[PDB]
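What follows is a single structure, written as structure tokens, with notes after it.
In the deposited numbering, the protein residues as written are 1314, 1318 to 1361.
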């Protein structure tokens, strides 16, 4: 010549915790994480 990057962690909500743990229980997620092929993980995105 003004710019400085400062990214820091953010905070979660317990309703979001409940809903996330709710959705987590689909077994297709398990077989996907084990297989490592995108044909299944496309959904959870």
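Quick reminder that beta carbons are idealized off the backbone N, C-alpha and C, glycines included.
Thinking just about the alpha-carbon of each residue, which of the options is nearest to the one in residue i?
{"i": "residue 1316", "options": "1337, 1345, 1352 and 1353", "result": "Coordinates for residue 1316 are absent, as the chain skips straight from 1314 to 1318."}
Pull up the distance between the alpha-carbon of residue i and that of residue j, whole angstroms please.
{"i": "residue 1329", "j": "residue 1323", "result": "20 Å"}
{"i": "residue 1333", "j": "residue 1342", "result": "16 Å"}
{"i": "residue 1335", "j": "residue 1318", "result": "41 Å"}
{"i": "residue 1351", "j": "residue 1358", "result": "13 Å"}
{"i": "residue 1321", "j": "residue 1355", "result": "36 Å"}
{"i": "residue 1340", "j": "residue 1347", "result": "13 Å"}
{"i": "residue 1315", "j": "residue 1327", "result": "Here the chain is numbered 1314 followed immediately by 1318, so the structure offers no position for residue 1315."}
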